[PDB]
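Given next are the chains, with one letter for each unit.
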Amino acid sequence: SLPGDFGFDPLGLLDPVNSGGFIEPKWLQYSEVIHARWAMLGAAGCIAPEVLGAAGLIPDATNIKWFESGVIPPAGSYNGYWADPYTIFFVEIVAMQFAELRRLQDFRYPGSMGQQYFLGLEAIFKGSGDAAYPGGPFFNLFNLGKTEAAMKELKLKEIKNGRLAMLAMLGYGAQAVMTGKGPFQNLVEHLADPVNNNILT
Amino acid sequence: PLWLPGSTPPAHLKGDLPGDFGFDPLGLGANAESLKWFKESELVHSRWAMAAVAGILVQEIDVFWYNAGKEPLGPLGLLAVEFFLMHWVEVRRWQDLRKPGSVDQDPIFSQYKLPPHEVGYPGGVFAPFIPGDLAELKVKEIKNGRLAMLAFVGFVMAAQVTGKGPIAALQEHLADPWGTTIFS
Amino acid sequence: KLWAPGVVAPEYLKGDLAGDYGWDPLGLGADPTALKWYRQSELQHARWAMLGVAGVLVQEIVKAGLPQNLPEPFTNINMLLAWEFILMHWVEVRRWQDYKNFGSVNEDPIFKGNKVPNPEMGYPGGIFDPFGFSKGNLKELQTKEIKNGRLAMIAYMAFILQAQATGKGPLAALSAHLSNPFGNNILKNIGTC
Amino acid sequence: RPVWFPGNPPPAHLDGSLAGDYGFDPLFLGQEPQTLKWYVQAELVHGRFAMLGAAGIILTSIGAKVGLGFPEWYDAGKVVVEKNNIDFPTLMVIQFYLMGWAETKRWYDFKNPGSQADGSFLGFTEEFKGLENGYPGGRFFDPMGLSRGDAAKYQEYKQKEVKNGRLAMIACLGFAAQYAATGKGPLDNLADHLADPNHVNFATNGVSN
Ligand SMILES: CC(/C=C/C=C(C)/C=C/[C@@]12O[C@]1(C)C[C@@H](O)CC2(C)C)=C\C=C\C=C(C)\C=C\C=C(C)\C=C\[C@@]12O[C@]1(C)C[C@@H](O)CC2(C)C
Ligand SMILES: CC(/C=C/C=C(C)/C=C/[C@@]12O[C@]1(C)C[C@@H](O)CC2(C)C)=C\C=C\C=C(C)\C=C\C=C(C)\C=C\[C@@]12O[C@]1(C)C[C@@H](O)CC2(C)C
Ligand SMILES: CC1=C[C@H](O)CC(C)(C)[C@H]1/C=C/C(C)=C/C=C/C(C)=C/C=C/C=C(C)/C=C/C=C(C)/C=C/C1=C(C)C[C@H](O)CC1(C)C
Ligand SMILES: CC1=C[C@H](O)CC(C)(C)[C@H]1/C=C/C(C)=C/C=C/C(C)=C/C=C/C=C(C)/C=C/C=C(C)/C=C/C1=C(C)C[C@H](O)CC1(C)C
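Calculation notes
- Residues numbered from 1 in each chain as written, not as in the entry; some residues may be left out.
- Chains lettered and ligands numbered in written order.
- Part of a larger assembly, values for the part shown.
- Heavy atoms only, no water.
- UniProt positions renumbered as here; feature names shortened; annotations may be inferred.
- Near = heavy atom within 4 Å.
- Polar contact = N/O pair within 3.5 Å; in protein donor to acceptor, adjacent residues only side chain to side chain.
- Areas by Shrake-Rupley, 256 points an atom, 1.4 Å probe, with all protein chains shown as cover.
- Helix = DSSP H or I, 4+ residues; strand = E, 2+ residues; numbered from the N terminus.
- Nonpolar A, V, L, I, M, F, W, Y, C, P; charged D, E, K, R; others polar.
- Axes fitted to C-alpha atoms, helices over the stretch in contact; angles between N-to-C directions.
- Parallel < 35°, antiparallel > 145°, perpendicular 65-115°, else oblique.
- Left-handed = near helix turned anticlockwise from the far one by under 90°.
- Contact = heavy atoms within 4.5 Å.
- Salt bridge = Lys/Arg side-chain N within 4 Å of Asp/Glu carboxyl O.
- Buried < 20%, exposed > 50% of the residue type's maximum accessible area, 1.4 Å probe, protein only.
- Buried area = accessible area lost by both parts, 1.4 Å probe.
- Expected span 1.5 Å × (residues − 1).

- Per the PDB entry, chain B carries the name Chlorophyll a-b binding protein, chloroplastic and comes from Chlamydomonas reinhardtii.
- Listed in the archive, the entry goes by the title "X-ray Structure of photosystem I-LHCI super complex from Chlamydomonas reinhardtii".
- UniProt lists a comment for chain B under the heading Sequence similarities (unreviewed entry), and it reads "Belongs to the light-harvesting chlorophyll a/b-binding (LHC) protein family."
- Recorded in UniProt under Function (unreviewed entry), the annotation for chain B is "The light-harvesting complex (LHC) functions as a light receptor, it captures and delivers excitation energy to photosystems with which it is closely associated."

- If you look chain A up in the PDB entry, it shows as Lhca3 from Chlamydomonas reinhardtii.

### Side note on the site of ligand 4
All names here are of chain A.
Phase 1 of the analysis: Neighbouring ligand 4 are 16 residues, the closest being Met 40, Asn 140, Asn 161, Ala 168 and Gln 175.
Phase 2 of the analysis: Measuring from an oxygen atom of ligand 4, one finds a side-chain N or O atom of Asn 140 at 2.5 Å.
Phase 3 of the analysis: Residue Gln 175 places a side-chain N or O atom 2.5 Å away from an oxygen atom belonging to ligand 4.
Phase 4 of the analysis: Its free accessible area being 1,000 Å², ligand 4 has 54% of it covered by the protein chains.
Phase 5 of the analysis: Residue assignment for the shell around ligand 4 shows that the elements contributing at least two residues are α1 (25–55), α4 (148–179) and α5 (183–192).
Phase 6 of the analysis: Among the elements that line the shell around ligand 4, the one with the most residues is α4, at 6 residues.
Phase 7 of the analysis: Across the shell around ligand 4, the residue classes break down as 13 nonpolar, 3 polar and no charged.

### Side note on the packing of helix α1 (residues 33–66) of chain D against helix α5 (residues 151–182) of chain D
Residue and element names in this part refer to chain D.
Phase 1 of the analysis: Two numbers describe how α1 lies on α5: the axes approach to 7 Å, and their chain directions differ by 55 degrees. Taken as axis vectors, α1 and α5 run oblique relative to one another. The handedness of the crossing between α1 and α5 comes out as left-handed. Between α1 and α5, the contacting residues are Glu 43, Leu 44, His 46, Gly 47, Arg 48, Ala 50, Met 51, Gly 53, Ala 54, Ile 57 and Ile 58 on the first element and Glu 161, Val 162, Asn 164, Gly 165, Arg 166, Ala 168, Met 169, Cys 172 and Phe 175 on the second.

### Overview of the packing of α1 of chain D against helix α3 (residues 88–110) of chain D
Residue and element names in this part refer to chain D.
Phase 1 of the analysis: Across the interface, α1 lies against α3 with an axial gap of 11 Å and an inter-helix angle of 150 degrees. Here α1 is positioned roughly antiparallel relative to α3, judged by the angle of their axes. With respect to the hand of their crossing, α1 and α3 are arranged in right-handed fashion. Contacts between α1 and α3 involve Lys 37, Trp 38, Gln 41, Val 45 and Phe 49 from the former and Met 99, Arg 106, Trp 107 and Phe 110 from the latter.
Phase 2 of the analysis: The class makeup of the residues in the contact of α1 with α3 is 6 nonpolar, 1 polar and 2 charged.

### Focus: the pattern of salt bridges
All names here are of chain B.
Phase 1 of the analysis: Per the counting criterion, the structure on display carries 21 salt bridges over all chains.
Phase 2 of the analysis: With a shortest N-O distance of 2.6 Å, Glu 90 and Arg 93 are connected by a salt bridge. Placement of both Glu 90 and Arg 93 in helix α2 (residues 75–98) is noted, with a separation of 3 residues, approximately one turn of the helix.
Phase 3 of the analysis: For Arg 93, a relative accessible area of 29% translates into the label partly exposed.
Phase 4 of the analysis: Salt bridges here are not isolated pairs; linked through shared partners, they connect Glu 40, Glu 90 and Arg 93.

### A few points about the interface of chain A and chain D
Phase 1 of the analysis: Taken together, the contacts link 12 residues of chain A with 13 residues of chain D.
Phase 2 of the analysis: Between chain A and chain D the total buried area reaches about 1,000 Å² when both faces are included, carbon and sulfur atoms providing 60% of it.
Phase 3 of the analysis: Area buried by chain A at its contact with chain D is led by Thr 87, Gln 105 and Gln 116 of chain A, which between them contribute 43% of it.
Phase 4 of the analysis: At the junction of chain A and chain D, the tally comes to 0 salt bridges.
Phase 5 of the analysis: Remark: the boundary between chain A and chain D carries 2 residue pairs in polar contact.
Phase 6 of the analysis: Residue composition of the side of chain A that touches chain D, grouped by class: 6 nonpolar, 4 polar and 2 charged.

### Some words on the interface of chain B and chain C
Phase 1 of the analysis: Listed per partner, the contact involves 8 residues of chain B and 10 residues of chain C.
Phase 2 of the analysis: On the chain B side of the interface with chain C, the three residues burying the most area are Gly 6, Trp 178 and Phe 183 of chain B, jointly 56% of the side's total.
Phase 3 of the analysis: Where chain B touches chain C, the interface holds 0 salt bridges.
Phase 4 of the analysis: On the surface where chain B and chain C come into contact, there are 2 residue pairs in polar contact.
Phase 5 of the analysis: When the residues that make up the side of chain B that touches chain C are grouped by side-chain class, the tally is 4 nonpolar, 4 polar and no charged.

### Considerations on α4 of chain A
Residue and element names in this part refer to chain A.
Phase 1 of the analysis: With 32 residues, α4 extends 46 Å between its outermost C-alpha atoms, agreeing within 8% with the 46 Å of an ideal straight helix rising 1.5 Å per residue.
Phase 2 of the analysis: Summarising the contacts, the buried residues of α4 are in contact with α1 and α5.
Phase 3 of the analysis: At the N-terminal end of α4, a side-chain oxygen is found 3.0 Å from the backbone nitrogen of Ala 150, two or three residues along, and the residue is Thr 147.
Phase 4 of the analysis: Residue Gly 180 follows α4 closely and has a positive phi angle near 75 degrees.

Shown next, in the form of structure tokens:
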């Protein structure tokens, strides 16, 4: 019934007999998807400057590696920002508090977020019975997957780009600790001398 | 007839009183006890303001009305004859509220009595000329009244900002309208 | 019609409205009291923005440029926001009650014979329409009001993020590409005040 | 109806009948109805003292930040005491008598609806009635008689009053945790933040607090 089912569970997690807590079918399909959606943001978001900068669109300052942005101060922090990294992290917490807890309240109560006023948006945030796939004019402006078949296939398309982008992030990290360079400088140096620029070296 | 045309007046204001233009954002006139009191303070307040703003102008048609405080019978000598005369008079008006008719009769010369009358509009002695007619006058009274009340706070903030009185502050405004506002 | 192929419009956006296009993906018009106010505001934006974009370039052609404003137009200094604050207060609040109460404020407070005709709310007519444009294509014109409007609003939002990034009046911003297109873009002006 | 934590339904013991009732007692404190009747007065008075206090700082502080005369709220007790003739111990004791009297009478209205109403005082009978736990009214407590005006007009103010109450209580404690973390006045804390808001935050000096 879940999309991305190619039958891969050595560890009997999704087995619904005597389930409890966070080892719940409804729950994990959710995680994987939200995981997928974030992972694809990170994958395309980590590289883009290193690429676009090298491409010569982005100035000399901005064109940094992913771990040199000021997330991990000791690996490098940026300067040229609207503010310091901590006056940001607060603007983050308030926002992600709102926009993650709301999303939790659709999971917890389907109908909720539809009733209690929220600057006109309460009309929007009704849900879709299914949690992972809310839609409505906010989160599906183009009304794509107009049929049940075309939707199920788009749900197939989503999870696979995701799972790939999650491994890609497991990539960029495990890669950055051993190399100490960004996964686009690793790629171009690997085009130049495939056997010299390698794990084994 | 309304302070803000197209408004509905509040429920308690029904156009019975003189200068009821449907105005009580904070339902001040909500309870009949309080609205009976507030009626008086709004007469008397204007009556004192009309009397005073009439004064300020005509006394300066000179010197600063504000520093008139500095003027033949000592200070405490004069503050007494005010206190007793004002205490006398104000108590007697305040009885007419305490009970609507309680006072009307000349305690000395009890031959002379003030005829039955609406509160705060006493007449008899106090309406000799019996001038212009019926309520309309009471509506000039409260209008001309409020304008006088406002003008006074004007006259005060006009003093406490320019230094000059009213007619000079105007002559100053005429000289440089674009310049002599609060916004400069 | 509509705003995107493959989307269904919402049940409040019937098409009754001059420039309906099933465009509200944040729910905001789903309240019917909000949809009456917002559309006064959207009218109100448009109808400035169109004086607003006109004003820019008709005085850009007869002289960044707009952003700068202080002593220059035969005024050493004259201090003024009095005239605006009182009249624009006077005026707007008369609109205020004509939303607050559809009909109340269609008549002259002083010379009570005079009277703006029963419009639609925000389409006052009478003296606000003295070239006898009452009748004809009422709603076709209203589709022109909003669509020239909505351009002008994004035209002005445009002129400004120009007038900052570059510091150029948006004719002189145009005619800085007429010369050097590939080397004079957003991409070279993300950049700067 | 609107709630503190949208979606999560409000707990039974909250009706939507009391002013500022947003289904918020996550710790089951005010469950037994008497023990909540008690807290709806604590909250009101707390908020009324907090409002007077916040209005009390917010005016002195601009008065000090408008002309170099008035003292900062922190070091403005000694400035009142030293400069003027008066002593601390007596004020603190005078206060306790008047506040003692004022409270000890409210004290015996919580447990007894219309207790002090009996005229057993200065013949003042009708002024010290019950009415509604938290709003005593009459010629003294509600002179103008908004209490005895209209049903809706008064209901809306209960709403206004508790909210302002809760905002002033927050406001007040900021004043108290802002002098602490930065050692300055609340229109020096406000001027410094308007001139350079991105940098002058807590992030600078004011820690987790
Ligand atoms: C009025 C206006 C500008 C007015 C400017 C004026 C008077 C200019 C005056 C002057 O120039 C002169 C003449 C001469 C100069 O010397 C001085 C200045 C002072 C410079 C701009 C509006 C500008 C208005 C803009 C840009 C508004 C855009 C709104 C949008 C896009 C909203 C869209 C949506 O709301 C919907 C419809 C539905 C939802 O579901 C989804 C979202 C997306 C939220
Ligand atoms: C914030 C506050 C109290 C907060 C309490 C909260 C949040 C309670 C919340 C909860 O219980 C609920 C509802 C439900 C539970 O399930 C959970 C919790 C979360 C437990 C009170 C502040 C209250 C603040 C007050 C009363 C301050 C007033 C100050 C006074 C009176 C006088 C002082 C001054 O005079 C000086 C000394 C010098 C002058 O210069 C200046 C002034 C300031 C004027
Ligand atoms: C399923 C199963 C089944 C069976 O039964 C068993 C087994 C097999 C065991 C299991 C498991 C599997 C696995 C391995 C999984 C994995 C996952 C992952 C990795 C995820 C990620 C995931 C991931 C993710 C989300 C991520 C994200 C990220 C991001 C956003 C980023 C961001 C950023 C950026 C841009 C930039 C800056 O500067 C930095 C940062 C800030 C950093
Ligand atoms: C919802 C909605 C709604 C409406 O209706 C419509 C619309 C709007 C359309 C929609 C939206 C959408 C979106 C947002 C999307 C997104 C996407 C993405 C971003 C993806 C990525 C995605 C991504 C991905 C996969 C990624 C991947 C990656 C990879 C493999 C990597 C690789 C690598 C590695 C490791 C290492 C080395 O050394 C380098 C490299 C070689 C580089």
